Novice: 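The structure under discussion is supplied below as structure tokens; questions concerning it will follow.
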Amino acid sequence: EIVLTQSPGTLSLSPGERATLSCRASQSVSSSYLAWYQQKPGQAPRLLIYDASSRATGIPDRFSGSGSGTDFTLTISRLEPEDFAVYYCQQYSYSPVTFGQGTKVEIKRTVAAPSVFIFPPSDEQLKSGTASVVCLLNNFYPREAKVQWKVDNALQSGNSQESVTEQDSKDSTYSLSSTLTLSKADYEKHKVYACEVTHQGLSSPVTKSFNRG
Amino acid sequence: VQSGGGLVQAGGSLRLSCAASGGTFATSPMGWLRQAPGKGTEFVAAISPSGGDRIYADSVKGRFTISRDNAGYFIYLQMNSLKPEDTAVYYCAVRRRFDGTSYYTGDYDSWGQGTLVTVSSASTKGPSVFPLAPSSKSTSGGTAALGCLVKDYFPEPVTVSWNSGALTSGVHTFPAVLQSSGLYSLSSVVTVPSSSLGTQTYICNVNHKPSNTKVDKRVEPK
């Protein structure tokens with residue numbers, strides 16, 4: 001089958017800039033049967049281009065496609081606010097139809113450090129036998145960060161889950177939650193609960209913490 | 001060489017198999033280990049060369065059975081009453097060292113093979129809603145954060161709002177993530193002025209329609 005790969009994985013660009021997205025095929029895509037889609041959360045992909053360079057009906061002029069063989073390009077000549085989304089290439093030259101893994105186009109803004117907060121588990125929850133401790137990283141950019149849990153200076157692994165909001169529509173920041181889940185037994189066997197955050201906007205990692213009380 | 005994994009629903013059963021890719025581990029004690037997604041290796045079960053002693057992780061004791069044949073071609077793991085917690089990549093291994101107990105994963109040797117086993121929850125369940133108490137006192141200055149932890153529900157989605165729609169700016173409702181229990185969990189948080197805390201009421205309105213679970217929870221200091 002034809003394997004499609006897209007590059008880059010993420011484009012960070014300002015509104016109004018041009019975006020150039022690449023699609024490479026593992027072998028030749030005959031007759032340029034290549035399509036591009038835009039995808040937004042909770043929505044089915046929206047066909048932009050087919051036959052490598054033909055706009056679907058009602059698609060704005062600023063979306064244009066080119067390429068042939070094993071190399072294709074989607075150009076978005078001007079990024080409107082509604083254009084920051086995920087973009088996928090698809091070949092329909094040989095069965096099975098295959099899809100690329102997507103290129104995310106996000107809004108570039110100035111680097112913003114996260115505000116970090118830590119929340120102990122509530123009395124209510126412990127009574128259920130489980131304890132969740134939440135670390136919040138609020139309104140940061142770019143998206144990348146490192147978040148380590150330390151319990152009595154012990155680096156924790158395998159027991160925490162992360163989640164990240166979509167880029168904020170007003171200020172183009174991201175927020176992140178890391179939730180460390182353990183039983184009540186394992187909770188009150190320990191004293192120091194700390195969240196350590198490394199981010200480009202910070203001169204050195206910030207740690208927020210509490211002692212279980 | 002392995003087989004017998006895949007997708008099954010909570011309350012299903014699978015029987016993984018471990019075929020000798022060289023003819024005989026008939027005289028060697030054998031074990032099954034698993035590595036859950038985003039997790040490390042953990043012991044599952046083991047069995048002595050004769051098939052006499054049989055040993056089981058606490059988490060699977062009662063439900064899983066390890067067994068073998070006499071020619072040392074096949075070791076099995078019968079997995080009954082499957083939980084979402086059992087979702088993992090499983091592999092058998094030959095106990096080639098004796099650095100401690102038969103529970104010690106470090107004594108067992110494998111060769112990179114695995115079988116993926118996934119257990120998909122089914123029931124309609126409403127969430128528990130816990131408060132994320134404000135991060136500073138109402139006497140401190142700057143910005144305070146608080147929220148609601150909306151935990152252990154299935155399926156998607158839940159709706160979360162603050163003060164039935166009165167508070168929206170500063171709100172971040174995180175995408176639901178599937179816990180290891182096959183139930184979703186998310187937090188909704190909001191930032192507010194510290195000075196304001198004691199003079200306003202912050203309540204998340206969680207509504208899980210699939211179960212007509214609809215909870216409102218006051219979030220206050222500890």
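Note on naming: letters A, B, ... go to the chains in the order of the sequence lines (proteins, then strands), and numbering restarts at 1 for each one.
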Novice: If I compare all heavy atoms of B/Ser211 with all of B/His208, which pair ends up nearest, and what's the gap?
Specialist: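 Nearest heavy atoms, B/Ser211 then B/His208: OG-ND1, 2.9 Å.
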Novice: Between CG of A/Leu13 and CG of A/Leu79, what distance do you get to the nearest 0.5 Å?
Specialist: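 That separation rounds to 5.5 Å.
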Novice: Show every side chain to side chain donor-acceptor pair (under 3.5 Å) that has at least one partner inside residues 204-213 of chain A, sequence neighbours left out.
Specialist: none
Novice: Would you say the side-chain atoms of A/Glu17 and A/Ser14 include a donor-acceptor pair closer than 3.5 Å?
Specialist: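 Present: a donor and an acceptor within the cut-off.
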Novice: With side chains defined as the heavy atoms from C-beta onward, is the minimum distance between A/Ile49 and A/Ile59 less than 4.5 Å?
Specialist: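 Side-chain contact under 4.5 Å: no.
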Novice: Ignoring hydrogens and geometry, is there a side-chain-to-backbone donor-acceptor pair from B/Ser110 to B/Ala93 under 3.5 Å?
Specialist: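 Looks like no, no N/O pair under 3.5 Å.
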Novice: Any donor-acceptor pair under 3.5 Å linking the side chain of A/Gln91 with the backbone of A/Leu4?
Specialist: no
Novice: Measure from the side-chain N and O atoms of A/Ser93 to the backbone N and O of A/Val29, and report whether any donor-acceptor pair falls under 3.5 Å.
Specialist: no
Novice: Test B/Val160 against B/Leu186 for side chain to side chain contact (heavy atoms under 4.5 Å, CB included), laying out the working first.
Specialist: CA-CA 10 Å; B/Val160 187; B/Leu186 65 82; 4.2 Å; yes
Novice: Before you tell me yes or no, could you show the steps for B/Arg63 and B/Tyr56 under side chain to side chain contact (heavy atoms under 4.5 Å, CB included), namely the whole-Å CA-CA distance, both residues' side-chain angles and the distance that decides it to 0.1 Å?
Specialist: CA-CA 10 Å; B/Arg63 302 184 288 115; B/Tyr56 294 101; over 6 Å; no
Novice: side-chain contact (heavy atoms from CB on, under 4.5 Å) with A/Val197: which of A/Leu202, A/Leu176, A/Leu136?
Specialist: A/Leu202
Novice: Counting only N and O atoms by type, is there a donor-acceptor contact under 3.5 Å from the side chain of B/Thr115 to the main-chain atoms of B/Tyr90?
Specialist: yes
Novice: Which pairs with one or both residues in residues 84-140 of chain A pass disulfide (SG to SG under 2.5 Å), sequence neighbours excluded?
Specialist: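 Non-adjacent pairs meeting disulfide (SG to SG under 2.5 Å): A/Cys23-A/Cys89, A/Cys135-A/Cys195.
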Novice: Do B/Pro134 and B/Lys222 have side-chain heavy atoms sitting under 4.5 Å apart?
Specialist: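 When only atoms from C-beta onward are counted, B/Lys222 and B/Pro134 do not touch, as no gap falls below 4.5 Å.
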Novice: Give the ring-plane orientation class for B/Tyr76 versus B/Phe74, where under 30° counts as parallel, over 60° as perpendicular and anything between as tilted.
Specialist: parallel
Novice: Enter the distance from A/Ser157:OG to A/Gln148:CD here, rounded to the nearest 0.5 Å.
Specialist: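 Reported to 0.5 Å precision, the distance equals 10.5 Å.
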Novice: Taking all heavy atoms of B/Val129 and all of B/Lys217, pick out the closest pair and write down the distance.
Specialist: O-CE, 3.4 Å
Novice: Is there side-chain contact between B/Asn163 and B/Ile203, with heavy atoms separated by less than 4.5 Å?
Specialist: yes
Novice: Would you say the side chain of B/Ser13 lies within less than 4.5 Å of the side chain of B/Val8, judging by non-hydrogen atoms?
Specialist: no
Novice: Do we see a donor-acceptor contact under 3.5 Å between the side chains of A/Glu106 and A/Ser12?
Specialist: yes
Novice: Does the B/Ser180 side chain pair with the main chain of B/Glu85, one donor and one acceptor, at a distance under 3.5 Å?
Specialist: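 Not confirmed, B/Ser180 side chain does not pair with B/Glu85 backbone.
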Novice: Could you list all the side chain to side chain donor-acceptor pair (under 3.5 Å) pairs where at least one residue sits in residues 32-47 of chain A, not counting sequence neighbours?
Specialist: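 Side chain to side chain donor-acceptor pair (under 3.5 Å) check on residues 32-47 of chain A returns A/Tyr37-A/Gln90, A/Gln38-A/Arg46, A/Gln38-A/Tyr87.
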Novice: Keeping B/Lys83 on the side-chain end and B/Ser81 on the backbone end, is there a donor-acceptor pair under 3.5 Å?
Specialist: yes
Novice: Could you check whether B/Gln35 and B/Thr41, counting side-chain N and O atoms only, form a donor-acceptor pair closer than 3.5 Å?
Specialist: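 The criterion, which ignores hydrogens and geometry beyond distance, is satisfied for B/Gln35 and B/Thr41.
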Novice: Please check: side-chain N/O of A/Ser22 versus main-chain N/O of A/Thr73, any donor-acceptor pairing under 3.5 Å?
Specialist: no
Novice: Can you list the steps and then say if A/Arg18 with A/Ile76 is a side chain to side chain contact (heavy atoms under 4.5 Å, CB included)?
Specialist: CA-CA 6 Å; A/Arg18 160 187 288 228; A/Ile76 311 167; over 6 Å; no
Novice: Please check: side-chain N/O of B/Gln113 versus main-chain N/O of B/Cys92, any donor-acceptor pairing under 3.5 Å?
Specialist: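 Side chain of B/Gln113 to backbone of B/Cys92: a pair is present.
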Novice: Hey, could you give me the CZ/CG distance between B/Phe174 and B/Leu149, rounded to the nearest 0.5 Å?
Specialist: 11.5 Å
Novice: Around atom NZ of B/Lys61, are there more than 12 heavy atoms from other residues, nucleotides or ligands closer than 6.0 Å?
Specialist: no
Novice: List the atom of A/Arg78, the atom of A/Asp83, and the distance in Å for their closest heavy-atom pair.
Specialist: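 Answer, listing the atom of A/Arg78 first, then A/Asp83: O-OD2, 3.4 Å.
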Novice: Is there a side-chain contact between B/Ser136 and B/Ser194 in this structure, where contact means two heavy atoms from C-beta onward sitting under 4.5 Å apart?
Specialist: yes
Novice: With rounding to the nearest 0.5 Å, note down the distance linking CG in A/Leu137 to OG in A/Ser115.
Specialist: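 The distance works out to 9.0 Å.
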Novice: Determine the interplanar angle of the A/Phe140 and A/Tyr174 rings, folded into 0 to 90°, and report it as parallel if under 30°, tilted if 30 to 60°, perpendicular if over 60°.
Specialist: tilted
Novice: Check the pair B/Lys209 / B/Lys214 against side chain to side chain contact (heavy atoms under 4.5 Å, CB included), numbers first and verdict last.
Specialist: CA-CA 8 Å; B/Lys209 298 314 207 52; B/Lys214 162 168 29 152; over 6 Å; no
Novice: Assess whether side chain to side chain donor-acceptor pair (under 3.5 Å) is satisfied between A/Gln125 and A/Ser132, documenting all intermediate values.
Specialist: CA-CA 8 Å; A/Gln125 194 200 9; A/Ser132 306; 2.8 Å; yes
Novice: Between B/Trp32 and B/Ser17, what is the shortest heavy-atom contact and its length?
Specialist: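 Taking B/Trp32 first and B/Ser17 second, the nearest heavy atoms are CH2-O, 3.5 Å.
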Novice: Heavy-atom count check: over 12 atoms from other residues, nucleotides or ligands less than 6.0 Å from B/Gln9 CD?
Specialist: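 Check fails, neighbour count at 12 or below.
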Novice: Ring centroid separation for A/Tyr50 and A/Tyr92, is it under 6.0 angstrom?
Specialist: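 No, too far apart.
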Novice: For A/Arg109, is the CZ atom crowded, meaning more than 12 foreign heavy atoms sit under 6.0 Å from it?
Specialist: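 Enclosed.
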Novice: What's the spacing between A/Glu144 CD and A/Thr198 OG1 if we round to 0.5 Å?
Specialist: 13.0 Å
Novice: In terms of the angle between their ring planes, are B/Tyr184 and B/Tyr153 parallel, tilted or perpendicular, with boundaries placed at 30° and 60°?
Specialist: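 The arrangement is tilted - the two ring planes meet at 30° to 60°.
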Novice: Is it the case that B/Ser161 and B/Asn205 place a side-chain donor and acceptor less than 3.5 Å from each other?
Specialist: yes
Novice: Counting C-beta onward and ignoring hydrogens, is there a side-chain heavy-atom pair between B/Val219 and B/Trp162 closer than 4.5 Å?
Specialist: yes
Novice: Where is the tightest heavy-atom contact between B/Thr143 and A/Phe117, given as atom of each residue plus distance?
Specialist: O-CE2, 4.0 Å
Novice: Would you say that B/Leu82 contacts B/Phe64 through its side chain, given a criterion of any heavy-atom pair below 4.5 Å between the two side chains?
Specialist: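 Answer yes - side chains close enough.
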Novice: Okay, side chain of A/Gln161, backbone of A/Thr179: is any donor-acceptor separation there less than 3.5 Å?
Specialist: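 Not a single qualifying donor-acceptor pair exists.
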Novice: To the nearest 0.5 Å, how far apart are OG in A/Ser66 and CG in A/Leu74?
Specialist: 8.5 Å
Novice: Do B/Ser59 and B/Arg34 have side-chain heavy atoms sitting under 4.5 Å apart?
Specialist: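 Counting from C-beta outward, B/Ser59 and B/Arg34 do come under 4.5 Å.
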Novice: Taking everything shown except A/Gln200 itself, do over 12 heavy atoms lie less than 6.0 Å from its CD?
Specialist: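 Result for CD/A/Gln200: open.
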Novice: So, for A/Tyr88 and A/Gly100, which heavy atoms are closest and what is the spacing to 0.1 Å?
Specialist: CD2-O, 3.4 Å
Novice: In sequence, state the C-alpha distance, the side-chain angles, and the governing distance for A/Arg62 and A/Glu82, and then conclude on salt bridge (charged side-chain N to carboxylate O under 4.0 Å, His left out).
Specialist: CA-CA 12 Å; A/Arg62 68 184 180 273; A/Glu82 58 268 35; 3.8 Å; yes
Novice: Any sub-3.5 Å donor-acceptor pair from A/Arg55's side-chain atoms to A/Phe63's backbone N or O?
Specialist: yes
